[PDB]
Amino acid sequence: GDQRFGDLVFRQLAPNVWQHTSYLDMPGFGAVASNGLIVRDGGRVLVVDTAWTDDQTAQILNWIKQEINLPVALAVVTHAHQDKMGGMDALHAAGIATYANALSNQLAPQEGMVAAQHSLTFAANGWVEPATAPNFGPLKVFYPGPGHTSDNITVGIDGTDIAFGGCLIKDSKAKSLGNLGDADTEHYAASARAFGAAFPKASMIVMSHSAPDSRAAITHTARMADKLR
């Protein structure tokens, strides 16, 4: 069920949830996938992560207009790297309210990214403070601790068995933890397990750069990360 639209792919995961996929040519790697989510909540649409670029992100909004034809209320981004935040200006151009971890907004300018308009803060138990994430509805946002990056956040969709760990979680067949340049190797394993414990009923774990996987993706990530302590 891959639906093509311009240079992006959309896959329905649940009645009100789609995966968006965009591609960037990376030296030595070919055309690399980056995934995010689109959630319909009543008369509005919510987006998790931008595409790699503004032009790709504008495509996501065009697909939404064509397939759903409801306004995009807000977008949240999972960390300050090009794959998840590279299209922030396309959301601003569209008048969409944007949210990121406060640390993601602090890091974004130096990473050559546009900061979100709103900063998220987190309770002691990792769950987003609702006063910083107003109107999020079925989007449940969780800071699991540092891993792929210090700012990485994760999201579950209430009324579904879907959770998304962004770049924190690797696929169950991965041979690498990937980008360790900005990673917290001492805390990585605990952060991966904290994500699994936050969404214990999630059976469909959306991957950052590959097709959806099982909870084995969380287990495999944490076991690889245990090796770096």
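Quick note: we count residues from 1 along the sequence shown, nothing fancier. For clarity, a rigid core is taken as the largest C-alpha set superposing within 1.5 Å between two forms.
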Open item on the list: Stretch 184-192 versus stretch 170-178: after rigid core alignment, which one is farther off in C-alpha RMS in 6 other deposited structures of this protein?
Closed with: 170-178
TODO: Report the stretch with the higher root mean square CA deviation, pooled over structures and residues in 6 other deposited structures of this protein, choosing between 202-210 and 9-17 after a rigid core fit.
DONE: 202-210
Open item on the list: If you take the mean CA temperature factor per stretch, which one wins between 105-113 and 86-94?
Closed with: 105-113
Open item on the list: Quick check: 45-53 versus 170-178, which has the larger average CA B-factor in the record?
Closed with: 170-178
Task: Ranked C-alpha temperature factor of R193 among modelled chain residues, by third - done: lowest
Task: Modelled-residue ranking by C-alpha temperature factor, third containing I205 - done: lowest
Task: Entry-reported Cα temperature factor of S214, expressed as the chain third it lands in - done: highest
Task: Chain-relative CA temperature factor third for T154 - done: lowest
- [ ] Comparing against every modelled residue in the chain, figure out the third that the C-alpha B-factor of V17 lands in (lowest, middle or highest).
- [x] lowest
